[PDB]
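Given next, in C-alpha cells, is a single chain: the form deposited in one PDB entry.
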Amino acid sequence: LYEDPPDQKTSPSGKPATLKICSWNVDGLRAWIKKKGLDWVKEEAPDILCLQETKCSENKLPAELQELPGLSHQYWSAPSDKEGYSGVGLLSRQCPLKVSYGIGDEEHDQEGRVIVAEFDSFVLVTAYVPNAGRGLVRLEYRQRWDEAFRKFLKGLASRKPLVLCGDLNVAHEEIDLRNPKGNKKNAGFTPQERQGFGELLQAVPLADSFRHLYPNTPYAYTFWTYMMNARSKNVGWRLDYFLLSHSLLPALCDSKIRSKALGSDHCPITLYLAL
C-alpha cells in the first residue's frame, strides 16, 4: 500500500543535503539491539540519531552503543528510579554547543521524555510524548503536557530555528492512520490530542516536514501494533514526525519513512537538510 519515494538529497535551491537526522521509537533499547536495530543504523549512517522509549537508565546502557562510529556524542534521559519505562537518547557525530533535559516544568520533567541539543544554526528537540493511556485515563494530564510543551517550544523557536523529532503520540489527520473511524475514542486519535497537535503547529509555529512535501500521500505510517498482523496488513498510524521552523523549509531536502526497517513496532524516520 506504501512505497516511500527515493531520497531527494538536494534542497529546492539545489543545495546538497549536509545533515541527515534519524528518529526511531525503539520499544526498548535491548529488545531493539536483538532485533538488529543497530545494524540498520550503521547502513543508514545518520549525522544525528534520536531514540525514543529506550526503557534504559543511563547507568545500565548496552556497551554496543558508545562504540557506534560517527555517533560518539551521546546523551540520555530516563525516569530517575523508574526502570523499563519511557527514556530518550540523542546520539550525534558533532558535539552540540549545549544539551539540556526536559521542558522546564517540574510536573512534566520526571519521565525522561525530552532532550534539547543546541547546534550552531538550529536547536534539535527529541521527545517521547506521554500516551493518553488505556481508556483515555491520562488524557487530562496529556492536555496539560501539550500546553507546557507548546509554550516551551515557542520559547526555543524564538531564539533559534527549531527541529522537533520523535514520537508525538498523535495521528494528526484522517490520512495519518488506517482506521480513523474506529479510533476517535482511542489514545493517539482523540479530538483533544489532534487539536493539541494543530495548536503546536500554529503557535510555535512549526511545519510537518513529511506532510509539507507529500500532502495527499495516504498509507504512510510509522507505527503498527505488534498484535493482529497490523504491519503485514499496513494497519498503521503516523505517530513519528519531523516538525521544522518555517525558516528551515528552504533547507528541507526530504522527510523519509523507512517502512521496511525492522527492530521495533515503529519504523525509523529520516530527515535531510541542506544547512
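Residue numbers here begin at 1 and follow the sequence given. Superpose the two forms; the largest set of C-alphas matching within 1.5 Å is the rigid core.
Just so you know, the form deposited in another entry exists too; it's not on screen, but the next bit is about it.
With the two forms fitted on their core, the C-alpha shifts between the shown form and the other one stay under 2 Å for all of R150, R142, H108, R178 except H108. In this overlay on the rigid core, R159 has a C-alpha that sits 2 Å or more away from its partner position between the shown form and the other one.
One change in the other form concerns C22 and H108, whose Cα atoms lie at least 3 Å farther apart than in this form.
Compared with the form shown here, the Cα atoms of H108 and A203 sit 3 Å or more farther apart in the other form.
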